[PDB]
$ cat coords01.tsv   # TSV, C-alpha atoms
chain	number	residue	atom	x	y	z
H	1	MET	CA	-13.53	-7.08	-5.56
H	2	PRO	CA	-11.67	-8.13	-3.39
H	3	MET	CA	-8.30	-6.61	-2.90
H	4	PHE	CA	-6.37	-7.21	0.30
H	5	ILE	CA	-3.22	-5.24	1.13
H	6	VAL	CA	-0.93	-5.80	4.14
H	7	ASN	CA	1.77	-3.23	5.14
H	8	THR	CA	4.04	-4.39	7.98
H	9	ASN	CA	7.37	-3.75	9.51
H	10	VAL	CA	8.05	-7.52	9.67
H	11	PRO	CA	10.97	-8.44	7.36
H	12	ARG	CA	10.61	-9.95	3.93
H	13	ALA	CA	12.21	-13.07	5.18
H	14	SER	CA	9.53	-13.76	7.59
H	15	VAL	CA	6.91	-13.83	5.11
H	16	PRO	CA	6.17	-17.46	4.59
H	17	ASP	CA	6.38	-19.01	1.23
H	18	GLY	CA	2.77	-19.70	0.13
H	19	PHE	CA	1.44	-16.77	2.04
H	20	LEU	CA	-0.18	-15.04	-0.91
H	21	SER	CA	-1.81	-18.20	-1.90
H	22	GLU	CA	-3.08	-18.81	1.49
H	23	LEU	CA	-4.59	-15.36	1.75
H	24	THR	CA	-6.21	-15.84	-1.53
H	25	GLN	CA	-7.76	-19.12	-0.64
H	26	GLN	CA	-8.96	-17.85	2.65
H	27	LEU	CA	-10.45	-14.65	1.35
H	28	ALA	CA	-12.10	-16.67	-1.29
H	29	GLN	CA	-13.98	-18.62	1.18
H	30	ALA	CA	-14.73	-15.87	3.56
H	31	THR	CA	-16.26	-13.65	1.00
H	32	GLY	CA	-17.48	-16.33	-1.29
H	33	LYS	CA	-15.99	-14.57	-4.31
H	34	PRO	CA	-14.08	-16.64	-6.88
H	35	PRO	CA	-10.36	-16.61	-6.35
H	36	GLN	CA	-9.45	-15.46	-9.76
H	37	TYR	CA	-11.00	-12.17	-9.01
H	38	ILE	CA	-9.01	-11.82	-5.80
H	39	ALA	CA	-5.95	-9.63	-5.58
H	40	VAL	CA	-3.49	-9.77	-2.72
H	41	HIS	CA	-0.63	-7.38	-1.89
H	42	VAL	CA	1.93	-7.77	0.98
H	43	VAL	CA	4.52	-5.07	1.84
H	44	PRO	CA	7.03	-6.02	4.48
H	45	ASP	CA	10.03	-4.16	5.74
H	46	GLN	CA	8.13	-1.01	6.35
H	47	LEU	CA	9.09	1.84	8.61
H	48	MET	CA	6.08	1.99	10.94
H	49	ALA	CA	5.11	2.54	14.57
H	50	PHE	CA	1.97	1.57	16.39
H	51	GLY	CA	1.05	3.37	19.57
H	52	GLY	CA	4.47	4.82	19.49
H	53	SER	CA	6.20	1.52	19.28
H	54	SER	CA	8.21	-0.33	16.69
H	55	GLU	CA	7.30	-3.86	17.65
H	56	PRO	CA	5.63	-5.86	14.90
H	57	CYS	CA	2.38	-4.40	13.55
H	58	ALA	CA	0.34	-4.06	10.37
H	59	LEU	CA	-1.96	-1.72	8.55
H	60	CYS	CA	-4.22	-3.52	6.15
H	61	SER	CA	-6.99	-2.78	3.73
H	62	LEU	CA	-9.78	-4.88	2.36
H	63	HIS	CA	-11.64	-3.53	-0.70
H	64	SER	CA	-14.66	-5.16	-2.09
H	65	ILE	CA	-17.81	-4.71	-4.02
H	66	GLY	CA	-20.38	-5.57	-1.40
H	67	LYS	CA	-19.76	-8.28	1.25
H	68	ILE	CA	-18.62	-5.61	3.64
H	69	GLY	CA	-20.62	-4.78	6.65
H	70	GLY	CA	-21.10	-5.02	10.36
H	71	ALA	CA	-20.94	-8.71	11.18
H	72	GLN	CA	-18.96	-9.62	8.11
H	73	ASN	CA	-16.30	-7.12	9.05
H	74	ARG	CA	-16.14	-8.88	12.40
H	75	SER	CA	-15.43	-12.25	10.81
H	76	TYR	CA	-12.87	-10.91	8.37
H	77	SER	CA	-11.07	-9.40	11.31
H	78	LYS	CA	-10.91	-12.56	13.23
H	79	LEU	CA	-9.84	-14.48	10.21
H	80	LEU	CA	-7.32	-11.98	9.20
H	81	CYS	CA	-5.84	-11.15	12.51
H	82	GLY	CA	-5.73	-14.85	13.09
H	83	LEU	CA	-3.61	-15.40	9.97
H	84	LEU	CA	-1.31	-12.55	10.70
H	85	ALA	CA	-0.64	-13.60	14.24
H	86	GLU	CA	-0.17	-17.04	13.13
H	87	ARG	CA	2.10	-16.45	10.06
H	88	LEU	CA	3.83	-13.32	10.70
H	89	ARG	CA	3.75	-13.47	14.42
H	90	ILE	CA	2.02	-10.14	14.76
H	91	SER	CA	-0.11	-9.37	17.75
H	92	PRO	CA	-3.75	-8.66	16.79
H	93	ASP	CA	-4.08	-5.69	18.98
H	94	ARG	CA	-1.24	-4.37	16.84
H	95	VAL	CA	-3.22	-4.59	13.71
H	96	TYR	CA	-5.62	-2.25	12.00
H	97	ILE	CA	-7.75	-3.27	9.02
H	98	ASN	CA	-9.59	-0.75	6.92
H	99	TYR	CA	-12.72	-2.01	5.15
H	100	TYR	CA	-14.04	-0.37	2.01
H	101	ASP	CA	-17.35	-1.17	0.39
H	102	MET	CA	-16.67	-0.15	-3.16
H	103	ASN	CA	-19.20	0.92	-5.66
H	104	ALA	CA	-19.06	-0.93	-8.93
H	105	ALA	CA	-18.83	2.13	-11.09
H	106	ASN	CA	-15.74	2.93	-9.11
H	107	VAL	CA	-13.69	-0.19	-9.83
H	108	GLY	CA	-11.94	-0.21	-13.19
H	109	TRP	CA	-10.87	-3.52	-14.59
H	110	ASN	CA	-9.99	-4.48	-18.08
H	111	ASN	CA	-11.04	-1.44	-20.09
H	112	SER	CA	-14.17	-0.79	-18.21
H	113	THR	CA	-15.79	-0.72	-14.75
H	114	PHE	CA	-17.86	-3.22	-12.90
H	115	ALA	CA	-20.94	-1.10	-13.16
M	1	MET	CA	-8.11	5.74	14.98
M	2	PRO	CA	-5.77	7.43	13.47
M	3	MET	CA	-3.39	6.20	10.82
M	4	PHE	CA	-1.09	8.50	9.08
M	5	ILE	CA	0.89	7.57	5.98
M	6	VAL	CA	3.57	9.47	4.25
M	7	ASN	CA	4.85	8.51	0.81
M	8	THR	CA	7.77	10.50	-0.44
M	9	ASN	CA	10.64	10.54	-2.90
M	10	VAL	CA	12.99	11.79	-0.25
M	11	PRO	CA	15.67	9.26	0.58
M	12	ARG	CA	15.50	7.14	3.58
M	13	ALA	CA	18.68	8.56	4.87
M	14	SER	CA	17.12	12.00	5.10
M	15	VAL	CA	14.43	10.90	7.59
M	16	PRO	CA	15.42	12.09	11.05
M	17	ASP	CA	15.89	9.85	13.95
M	18	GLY	CA	12.89	10.47	16.11
M	19	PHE	CA	10.44	11.24	13.22
M	20	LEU	CA	7.96	8.35	13.83
M	21	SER	CA	7.80	9.41	17.49
M	22	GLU	CA	7.39	13.06	16.76
M	23	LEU	CA	4.58	12.29	14.39
M	24	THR	CA	2.80	10.05	16.86
M	25	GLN	CA	3.12	12.76	19.55
M	26	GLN	CA	1.93	15.62	17.37
M	27	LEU	CA	-1.01	13.77	15.95
M	28	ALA	CA	-2.12	12.65	19.38
M	29	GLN	CA	-2.12	16.22	20.44
M	30	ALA	CA	-3.72	17.32	17.27
M	31	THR	CA	-6.59	14.89	17.26
M	32	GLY	CA	-7.05	14.40	20.91
M	33	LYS	CA	-6.72	10.65	20.75
M	34	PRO	CA	-4.23	8.88	22.99
M	35	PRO	CA	-1.02	7.90	21.26
M	36	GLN	CA	-1.73	4.29	22.05
M	37	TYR	CA	-4.07	4.33	19.09
M	38	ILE	CA	-1.98	6.16	16.55
M	39	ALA	CA	-0.31	4.31	13.76
M	40	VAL	CA	2.37	5.95	11.63
M	41	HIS	CA	3.93	4.76	8.36
M	42	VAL	CA	6.63	6.52	6.47
M	43	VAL	CA	7.66	5.39	2.98
M	44	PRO	CA	10.79	7.11	1.60
M	45	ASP	CA	12.66	6.54	-1.66
M	46	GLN	CA	9.49	6.40	-3.77
M	47	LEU	CA	9.32	6.85	-7.48
M	48	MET	CA	7.04	9.85	-7.80
M	49	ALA	CA	6.33	13.12	-9.55
M	50	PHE	CA	4.24	16.16	-8.69
M	51	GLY	CA	3.37	18.51	-11.45
M	52	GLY	CA	5.61	16.51	-13.76
M	53	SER	CA	8.63	17.35	-11.76
M	54	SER	CA	10.60	15.13	-9.60
M	55	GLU	CA	11.63	17.66	-7.03
M	56	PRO	CA	10.88	16.50	-3.46
M	57	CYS	CA	7.21	15.81	-2.75
M	58	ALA	CA	4.81	13.70	-0.68
M	59	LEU	CA	1.32	12.03	-0.89
M	60	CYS	CA	-0.13	11.27	2.52
M	61	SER	CA	-3.30	10.11	4.06
M	62	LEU	CA	-4.85	10.43	7.45
M	63	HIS	CA	-7.58	8.04	8.47
M	64	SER	CA	-9.57	8.52	11.57
M	65	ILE	CA	-12.74	7.37	13.23
M	66	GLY	CA	-14.10	10.92	13.76
M	67	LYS	CA	-11.99	14.09	14.34
M	68	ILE	CA	-12.16	14.81	10.64
M	69	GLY	CA	-13.86	17.77	9.11
M	70	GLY	CA	-13.63	21.19	7.50
M	71	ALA	CA	-11.80	23.09	10.15
M	72	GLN	CA	-9.95	20.17	11.56
M	73	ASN	CA	-8.47	19.22	8.20
M	74	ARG	CA	-7.20	22.72	7.76
M	75	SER	CA	-5.26	22.56	11.03
M	76	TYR	CA	-3.96	19.10	10.35
M	77	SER	CA	-2.71	20.45	6.98
M	78	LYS	CA	-0.97	23.36	8.52
M	79	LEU	CA	0.54	21.05	11.11
M	80	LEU	CA	1.57	18.32	8.75
M	81	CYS	CA	2.88	20.38	5.89
M	82	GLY	CA	4.78	22.26	8.49
M	83	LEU	CA	6.55	19.22	9.74
M	84	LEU	CA	7.36	17.74	6.35
M	85	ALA	CA	8.74	21.06	5.39
M	86	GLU	CA	10.95	21.41	8.42
M	87	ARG	CA	11.97	17.83	8.91
M	88	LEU	CA	11.97	16.51	5.43
M	89	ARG	CA	12.51	19.73	3.52
M	90	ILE	CA	9.55	19.22	1.29
M	91	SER	CA	7.88	22.33	-0.02
M	92	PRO	CA	4.24	22.44	1.20
M	93	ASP	CA	2.85	23.20	-2.26
M	94	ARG	CA	4.24	19.84	-3.29
M	95	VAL	CA	2.21	17.82	-0.79
M	96	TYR	CA	-1.17	16.30	-0.90
M	97	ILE	CA	-2.93	14.90	2.16
M	98	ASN	CA	-6.09	12.83	1.81
M	99	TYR	CA	-8.46	12.77	4.77
M	100	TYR	CA	-10.72	9.90	5.55
M	101	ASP	CA	-13.40	9.83	8.20
M	102	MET	CA	-13.82	6.27	8.98
M	103	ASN	CA	-16.83	4.52	10.29
M	104	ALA	CA	-16.18	2.40	13.37
M	105	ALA	CA	-17.69	-0.75	11.99
M	106	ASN	CA	-15.17	-0.50	9.12
M	107	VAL	CA	-12.01	-0.59	11.29
M	108	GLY	CA	-10.88	-4.00	12.28
M	109	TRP	CA	-8.54	-4.37	15.26
M	110	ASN	CA	-7.64	-7.11	17.68
M	111	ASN	CA	-9.80	-9.86	16.14
M	112	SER	CA	-12.87	-7.65	15.93
M	113	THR	CA	-13.99	-4.18	14.79
M	114	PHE	CA	-14.66	-1.08	16.78
M	115	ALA	CA	-18.08	0.44	17.58
E	1	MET	CA	-6.80	16.08	-7.60
E	2	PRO	CA	-5.51	14.04	-9.41
E	3	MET	CA	-3.32	11.56	-7.82
E	4	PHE	CA	-2.58	8.33	-9.56
E	5	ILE	CA	-0.81	5.42	-7.89
E	6	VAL	CA	0.25	2.19	-9.49
E	7	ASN	CA	1.50	-0.75	-7.43
E	8	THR	CA	2.86	-3.63	-9.48
E	9	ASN	CA	5.00	-6.67	-9.29
E	10	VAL	CA	6.92	-5.72	-12.42
E	11	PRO	CA	10.56	-4.98	-11.67
E	12	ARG	CA	11.80	-1.49	-11.37
E	13	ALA	CA	14.04	-1.96	-14.30
E	14	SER	CA	11.10	-2.50	-16.56
E	15	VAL	CA	9.57	0.82	-15.78
E	16	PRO	CA	10.44	3.21	-18.52
E	17	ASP	CA	12.09	6.42	-17.61
E	18	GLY	CA	9.55	8.84	-19.01
E	19	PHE	CA	6.71	6.77	-17.60
E	20	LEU	CA	5.79	9.23	-14.80
E	21	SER	CA	5.82	12.14	-17.28
E	22	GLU	CA	3.87	10.18	-19.78
E	23	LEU	CA	1.15	9.36	-17.26
E	24	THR	CA	1.17	12.89	-16.12
E	25	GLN	CA	0.51	14.36	-19.59
E	26	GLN	CA	-2.12	11.77	-20.38
E	27	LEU	CA	-4.09	12.22	-17.20
E	28	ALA	CA	-3.94	16.03	-17.67
E	29	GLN	CA	-5.66	15.53	-20.96
E	30	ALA	CA	-8.08	13.01	-19.80
E	31	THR	CA	-9.15	14.94	-16.76
E	32	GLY	CA	-8.93	18.33	-18.18
E	33	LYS	CA	-6.73	19.56	-15.29
E	34	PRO	CA	-3.50	21.39	-15.68
E	35	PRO	CA	-0.53	19.16	-15.28
E	36	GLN	CA	0.83	21.25	-12.38
E	37	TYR	CA	-1.74	19.65	-10.19
E	38	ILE	CA	-1.16	16.05	-11.13
E	39	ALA	CA	0.67	13.70	-8.78
E	40	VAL	CA	1.85	10.23	-9.91
E	41	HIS	CA	3.40	7.51	-7.75
E	42	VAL	CA	4.68	4.20	-9.25
E	43	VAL	CA	5.65	1.29	-6.98
E	44	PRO	CA	7.30	-1.65	-8.69
E	45	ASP	CA	8.79	-4.87	-7.41
E	46	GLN	CA	5.85	-5.56	-5.17
E	47	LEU	CA	4.88	-8.84	-3.62
E	48	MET	CA	1.47	-9.43	-5.18
E	49	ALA	CA	-0.84	-11.96	-6.64
E	50	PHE	CA	-3.89	-11.52	-8.80
E	51	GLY	CA	-6.37	-14.40	-9.13
E	52	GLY	CA	-3.77	-16.53	-7.35
E	53	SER	CA	-1.09	-16.02	-9.95
E	54	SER	CA	2.07	-14.00	-9.84
E	55	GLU	CA	2.10	-13.05	-13.41
E	56	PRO	CA	2.36	-9.32	-13.84
E	57	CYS	CA	-0.42	-7.31	-12.39
E	58	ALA	CA	-1.23	-3.86	-11.02
E	59	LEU	CA	-3.39	-2.38	-8.29
E	60	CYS	CA	-4.05	1.25	-8.90
E	61	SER	CA	-6.07	4.14	-7.58
E	62	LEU	CA	-7.01	7.47	-8.90
E	63	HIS	CA	-8.10	10.27	-6.66
E	64	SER	CA	-9.64	13.46	-7.91
E	65	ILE	CA	-11.60	16.39	-6.65
E	66	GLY	CA	-14.35	15.81	-9.17
E	67	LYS	CA	-14.20	14.38	-12.70
E	68	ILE	CA	-15.06	11.03	-11.34
E	69	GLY	CA	-18.13	9.21	-12.50
E	70	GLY	CA	-19.60	6.15	-14.07
E	71	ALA	CA	-18.70	7.06	-17.57
E	72	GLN	CA	-15.49	9.01	-16.98
E	73	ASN	CA	-14.26	6.03	-15.16
E	74	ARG	CA	-14.93	3.64	-18.05
E	75	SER	CA	-12.97	5.92	-20.17
E	76	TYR	CA	-10.17	6.23	-17.68
E	77	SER	CA	-9.88	2.54	-17.43
E	78	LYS	CA	-9.33	2.23	-21.08
E	79	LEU	CA	-6.65	4.88	-21.15
E	80	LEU	CA	-4.90	3.47	-18.13
E	81	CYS	CA	-5.15	-0.08	-19.11
E	82	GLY	CA	-3.77	0.89	-22.54
E	83	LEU	CA	-0.81	2.63	-21.01
E	84	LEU	CA	0.09	-0.15	-18.57
E	85	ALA	CA	-0.21	-2.72	-21.22
E	86	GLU	CA	2.00	-0.92	-23.65
E	87	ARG	CA	4.62	0.34	-21.22
E	88	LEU	CA	4.65	-2.32	-18.63
E	89	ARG	CA	3.42	-5.24	-20.64
E	90	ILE	CA	0.64	-5.86	-18.12
E	91	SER	CA	-2.39	-7.77	-19.35
E	92	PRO	CA	-5.52	-5.56	-18.94
E	93	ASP	CA	-7.43	-8.21	-17.13
E	94	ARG	CA	-4.81	-8.33	-14.40
E	95	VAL	CA	-5.42	-4.74	-13.49
E	96	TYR	CA	-7.72	-3.03	-10.97
E	97	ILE	CA	-8.19	0.70	-10.55
E	98	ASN	CA	-9.99	2.16	-7.62
E	99	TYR	CA	-11.67	5.49	-8.37
E	100	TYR	CA	-12.12	8.09	-5.63
E	101	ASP	CA	-14.03	11.30	-5.89
E	102	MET	CA	-12.77	13.47	-3.14
E	103	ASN	CA	-14.39	16.36	-1.38
E	104	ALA	CA	-12.34	19.55	-1.54
E	105	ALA	CA	-12.47	19.81	2.26
E	106	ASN	CA	-10.75	16.40	2.46
E	107	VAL	CA	-7.68	17.16	0.49
E	108	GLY	CA	-4.79	19.01	2.09
E	109	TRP	CA	-2.25	20.99	0.11
E	110	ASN	CA	0.17	23.78	0.80
E	111	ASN	CA	-0.74	24.29	4.46
E	112	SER	CA	-4.47	24.21	4.09
E	113	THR	CA	-7.29	22.40	2.22
E	114	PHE	CA	-9.03	23.09	-1.08
E	115	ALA	CA	-12.24	24.06	0.69
$ encode --input "coords01.tsv" --output "structure tokens"
Amino acid sequence: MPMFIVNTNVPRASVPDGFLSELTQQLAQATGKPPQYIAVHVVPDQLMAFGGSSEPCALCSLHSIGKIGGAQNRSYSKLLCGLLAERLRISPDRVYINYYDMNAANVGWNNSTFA
Amino acid sequence: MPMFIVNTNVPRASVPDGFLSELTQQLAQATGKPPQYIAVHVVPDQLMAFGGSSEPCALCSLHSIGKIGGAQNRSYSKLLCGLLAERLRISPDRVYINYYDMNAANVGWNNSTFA
Amino acid sequence: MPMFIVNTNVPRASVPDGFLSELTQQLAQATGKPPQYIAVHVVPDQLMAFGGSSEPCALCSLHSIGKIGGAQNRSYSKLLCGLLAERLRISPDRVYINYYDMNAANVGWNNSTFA
């Protein structure tokens, strides 16, 4: 709650310096969850293909306890695709984002679960 | 839409030229979705174990908006273990494939989500 | 059934050598499944942040055909958090574990599914 992972074939070097921070701040506002509970993971240099091609692309995941749904998913997308296009230079139609509404009894953290 | 990921301890150098393409082509045929929508991600050189042994193995996942189900999963398994076995030399009883039927509102793409 | 993945920013060199075996034996006991069926994947050196900081952290997931539940999970979290803290020196509050109960029809293995 929330975890954001980005897998992309864009090279390490193109990942901008405060990128993780940025994501964190942004996700913080978008979901309205406090930053310290936000986890962010970026994996560049991957061997991937999208629609058969090797041009820049990304497969992402957003996990959260609640705050996932129809319209919300639409804003996250915008926001997220927006950042990726902008920072990593990836075309949005070359991005997929999987959204997962996690149940609290199913998220372990510090010796227990959120249930 | 679909996204297929392969995580394996086989070395990068062992992945044949052409593999990403073959996978995109076979999955398109297998799920009946145009290739344009298929994303493929191969991750070699992983630190992994299956059954406590570090002989060659793989953990994969296939996510799709529909085209997932009892009989379909069975054929994807036959298809996919067959390729990993022939192209990557991984024994099929050392492979796990997780299948996810995704809901359209939960797949972000191109600044929005599907429907 | 079961598959355990750990993604962490700790360096590869800090991952003990019997770590995969250790996790394997411990999950076999915790889940009550024979070790033969346990898959473990450890991914160090990742680019991640937790709560905005880059101190050591881990994003994990545990997939099982059954044995997943409110209480089991609480117990798993303790075991897992204990292991990561001792072996990788990760602080338990900088760890998330996603729990997934999978349907047998959704898990491929050895050319077919468990269904």
$ residues_near_point --input "coords01.tsv" --point "(-6.9, -0.3, -17.0)" --cutoff "10 Å" --atoms "all atoms listed in the file" --output "number ranges by chain"
H: 107-113; E: 58-60, 73-85, 90-97
$ closest_residue --input "coords01.tsv" --among "M:71, M:39, M:48, M:88" --to "residue E:21" --atoms "all atoms listed in the file"
M:48
$ calpha_fit_and_write --input "coords01.tsv" --fixed "chain M" --moving "chain H" --output "compact mmCIF listing (two decimals) with C-alpha atoms, keeping the file's coordinate frame"
# COMPACT_ATOMS: atom_id res chain seq x y z
CA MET H 1 -8.06 5.82 14.51
CA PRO H 2 -5.67 7.48 13.61
CA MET H 3 -3.36 6.18 10.99
CA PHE H 4 -0.98 8.52 9.19
CA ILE H 5 0.97 7.40 6.12
CA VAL H 6 3.62 9.44 4.26
CA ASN H 7 4.92 8.39 0.79
CA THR H 8 7.81 10.52 -0.50
CA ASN H 9 10.62 10.47 -2.93
CA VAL H 10 12.99 11.88 -0.26
CA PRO H 11 15.68 9.29 0.61
CA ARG H 12 15.64 7.07 3.65
CA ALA H 13 18.64 8.85 4.94
CA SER H 14 16.92 12.08 5.21
CA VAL H 15 14.34 10.85 7.42
CA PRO H 16 15.31 12.09 10.82
CA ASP H 17 15.79 9.75 13.66
CA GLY H 18 12.80 10.28 16.01
CA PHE H 19 10.52 11.20 13.19
CA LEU H 20 7.92 8.53 13.86
CA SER H 21 7.83 9.47 17.42
CA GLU H 22 7.43 13.04 16.65
CA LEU H 23 4.54 12.39 14.31
CA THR H 24 2.93 10.31 16.90
CA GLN H 25 3.20 12.89 19.59
CA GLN H 26 1.97 15.60 17.35
CA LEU H 27 -0.98 13.72 15.98
CA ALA H 28 -1.82 12.80 19.48
CA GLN H 29 -2.26 16.31 20.44
CA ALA H 30 -3.89 17.51 17.33
CA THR H 31 -6.58 14.95 17.38
CA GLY H 32 -6.70 14.45 21.08
CA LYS H 33 -6.59 10.68 20.68
CA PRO H 34 -4.28 8.66 22.94
CA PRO H 35 -0.96 7.87 21.36
CA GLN H 36 -1.13 4.19 21.84
CA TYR H 37 -3.92 4.05 19.40
CA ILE H 38 -1.93 6.00 16.82
CA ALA H 39 -0.23 4.30 13.91
CA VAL H 40 2.35 5.99 11.74
CA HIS H 41 3.85 4.80 8.43
CA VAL H 42 6.64 6.57 6.41
CA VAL H 43 7.77 5.37 2.94
CA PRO H 44 10.74 7.18 1.50
CA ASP H 45 12.67 6.53 -1.64
CA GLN H 46 9.62 6.43 -3.79
CA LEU H 47 9.43 6.92 -7.51
CA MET H 48 7.01 9.85 -7.75
CA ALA H 49 6.36 13.07 -9.67
CA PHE H 50 4.28 16.05 -8.72
CA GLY H 51 3.04 18.37 -11.42
CA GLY H 52 5.36 16.59 -13.72
CA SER H 53 8.38 17.14 -11.60
CA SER H 54 10.68 14.99 -9.53
CA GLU H 55 11.64 17.51 -6.90
CA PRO H 56 10.75 16.50 -3.36
CA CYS H 57 7.05 15.85 -2.71
CA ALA H 58 4.71 13.67 -0.68
CA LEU H 59 1.38 11.95 -0.82
CA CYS H 60 -0.07 11.35 2.59
CA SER H 61 -3.15 9.91 4.18
CA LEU H 62 -4.80 10.49 7.50
CA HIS H 63 -7.44 7.95 8.61
CA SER H 64 -9.51 8.41 11.64
CA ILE H 65 -12.72 7.63 13.35
CA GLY H 66 -14.25 11.06 13.61
CA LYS H 67 -12.11 14.20 14.21
CA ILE H 68 -12.05 14.81 10.50
CA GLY H 69 -13.81 17.72 9.03
CA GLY H 70 -13.65 21.15 7.53
CA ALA H 71 -11.70 23.26 9.99
CA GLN H 72 -9.93 20.34 11.56
CA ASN H 73 -8.63 19.27 8.18
CA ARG H 74 -7.26 22.78 7.85
CA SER H 75 -5.27 22.52 11.07
CA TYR H 76 -3.95 19.05 10.34
CA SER H 77 -2.71 20.37 7.04
CA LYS H 78 -0.86 23.21 8.53
CA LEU H 79 0.59 21.03 11.20
CA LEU H 80 1.51 18.34 8.85
CA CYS H 81 2.84 20.36 6.02
CA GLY H 82 4.73 22.28 8.62
CA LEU H 83 6.45 19.12 9.88
CA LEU H 84 7.24 17.86 6.46
CA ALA H 85 8.76 21.08 5.29
CA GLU H 86 10.62 21.34 8.41
CA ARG H 87 11.96 17.72 8.69
CA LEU H 88 12.10 16.46 5.29
CA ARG H 89 12.57 19.73 3.57
CA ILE H 90 9.55 19.27 1.36
CA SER H 91 7.70 22.24 -0.01
CA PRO H 92 4.06 22.34 1.17
CA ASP H 93 2.67 23.15 -2.17
CA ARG H 94 4.28 19.85 -3.13
CA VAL H 95 2.25 17.92 -0.70
CA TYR H 96 -1.15 16.32 -0.86
CA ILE H 97 -2.92 14.88 2.18
CA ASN H 98 -5.97 12.70 1.87
CA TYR H 99 -8.35 12.72 4.84
CA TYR H 100 -10.67 9.82 5.58
CA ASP H 101 -13.40 9.85 8.17
CA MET H 102 -13.73 6.18 8.90
CA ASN H 103 -16.75 4.45 10.19
CA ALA H 104 -16.19 2.34 13.24
CA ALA H 105 -17.67 -0.80 11.82
CA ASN H 106 -15.08 -0.44 9.12
CA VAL H 107 -11.93 -0.51 11.24
CA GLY H 108 -10.81 -3.96 12.34
CA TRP H 109 -8.51 -4.20 15.29
CA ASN H 110 -7.73 -7.10 17.49
CA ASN H 111 -10.32 -9.68 16.46
CA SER H 112 -13.13 -7.28 16.08
CA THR H 113 -14.15 -3.81 14.86
CA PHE H 114 -14.57 -0.55 16.63
CA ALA H 115 -18.29 -0.59 16.15
$ closest_residue --input "coords01.tsv" --among "E:105, E:115, E:27, E:57" --to "residue E:2" --atoms "only C-alpha atoms"
E:27
$ closest_residue --input "coords01.tsv" --among "H:87, H:41, H:63, H:12" --to "chain M" --atoms "only C-alpha atoms"
H:63
$ atom_distance --input "coords01.tsv" --atom1 "atom CA of residue H:40" --atom2 "atom CA of residue H:4"
4.9 Å
$ residues_around --input "coords01.tsv" --residues "residue E:64" --least-positions-apart "4" --cutoff "8 Å" --atoms "only C-alpha atoms" --output "PDB file with C-alpha atoms, keeping the file's coordinate frame"
ATOM      1  CA  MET E   1      -6.800  16.080  -7.600  1.00  0.00           C
ATOM      2  CA  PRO E   2      -5.510  14.040  -9.410  1.00  0.00           C
ATOM      3  CA  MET E   3      -3.320  11.560  -7.820  1.00  0.00           C
ATOM      4  CA  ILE E  68     -15.060  11.030 -11.340  1.00  0.00           C
ATOM      5  CA  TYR E 100     -12.120   8.090  -5.630  1.00  0.00           C
ATOM      6  CA  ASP E 101     -14.030  11.300  -5.890  1.00  0.00           C
ATOM      7  CA  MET E 102     -12.770  13.470  -3.140  1.00  0.00           C
TER       8      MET E 102
END
$ closest_residue --input "coords01.tsv" --among "E:35, E:11, E:104, E:114" --to "chain M" --atoms "all atoms listed in the file"
E:35
$ axis_aligned_box --input "coords01.tsv" --around "stretch 30-34 of chain H" --padding-each-side "3 Å" --output "JSON"
{"center_x": -15.8, "center_y": -15.1, "center_z": -1.7, "size_x": 9.4, "size_y": 9.0, "size_z": 16.4}
$ closest_residue --input "coords01.tsv" --among "M:70, M:86, M:32, M:7" --to "residue E:106" --atoms "all atoms listed in the file"
M:70
